[PDB]
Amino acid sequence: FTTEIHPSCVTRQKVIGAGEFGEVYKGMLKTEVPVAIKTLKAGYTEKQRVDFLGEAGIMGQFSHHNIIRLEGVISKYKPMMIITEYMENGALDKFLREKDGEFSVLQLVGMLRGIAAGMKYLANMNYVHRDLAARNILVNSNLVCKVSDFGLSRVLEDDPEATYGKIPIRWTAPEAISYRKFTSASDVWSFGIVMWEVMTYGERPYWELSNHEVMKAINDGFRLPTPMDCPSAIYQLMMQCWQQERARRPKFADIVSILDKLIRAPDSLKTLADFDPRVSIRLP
């Protein structure tokens, strides 16, 4: 399983993410290229070792532009490490919140197309992500968005947005919440939420509604309102991702096709969905 990298080829330089059992670092790989490096500290359990190397094992099965590339693993020395390509701009949700208003609509839609292409690949590889959200999309210096955060039980266990099953409620499809049915179609629901995150520059879905309030609203038929300056076709597409009936949602194949057609005829994105303002400002 995958390239075993000698520790002398890897230099950890700066902590960029942290947990109780290891950290994520920016570093360099001299087989000299930048890499992300995730560690697992000594004392780890069997389950931790299986979850940790399982993330790398899963990533090693994939070869797609919109899926994080695995460079290799350090497993025969401690601490163990996973080494991936480095995504200079980090997580998409923080990136958009820090860059509010700085992109064109075409750029934002292009990000969505990349995410959708990665998700179509995963779904057709029989991989259900379960935690698709802008926080799990990473962005590089070419503005390419790539799906990250792979594994089995570790995905939802490690995410603080996932609460008690243990689930990140406001990104998750109704059937996954209600009866634990996680499929590529529940990932499509999540993708609809990601579309809303991108078009709003990282607004938190459903604002301050509690988890129960969100579930009640969804079950009563309410959906997130249109973002400001959102192409009508983009809002229509996200709304179809939120059909209660799983079978009525687009597949990722449909999503990629639609986004590709909109990008290739970019004037189609100048028609905007009506934005319902929450504030009335009236001047004589």
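Start at 1 and count along the sequence shown; that's the residue number. We call the rigid core whatever largest set of C-alpha positions still superposes within 1.5 Å between the two forms.
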| property | result |
| --- | --- |
| Between 73-81 and 86-94, the one whose CA atoms sit farther away in 9 other deposited structures of this protein (rigid core aligned) | 73-81 |
| Stretch with larger C-alpha RMS deviation in 9 other deposited structures of this protein, core superposed, 53-61 versus 214-222 | 53-61 |
| Other compared entries missing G101, a third or more | no |
| Unmodelled in at least a third of other entries of this protein, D158 | yes |
| Missing from the model but present in the deposited sequence, between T31 and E32 | 4 to 9 |
| Unresolved deposited residues lying between neighbours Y164 and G165 | 4 to 9 |
| 2-10 or 275-283, whichever carries the higher mean Cα B-factor | 275-283 |
| Stretch exceeding the other in mean C-alpha B-factor - 36-44, 211-219 | 36-44 |
| Residue of maximum C-alpha B factor among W196, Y121, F182, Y77, per deposited coordinates | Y77 |
| Criterion, highest CA B-factor; candidates, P160, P174, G202, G110 | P160 |
| Ranked against its chain, the third holding the CA B-factor of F52 | highest |
| Position of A247 among the chain's modelled residues by C-alpha B-factor, lowest, middle or highest third | highest |
| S178 - Cα temperature factor, lowest/middle/highest third of chain | middle |
| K26, C-alpha B-factor rank within chain (lowest, middle or highest third) | highest |
| Relative C-alpha B-factor of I82, binned into the chain's lowest, middle or highest third | middle |
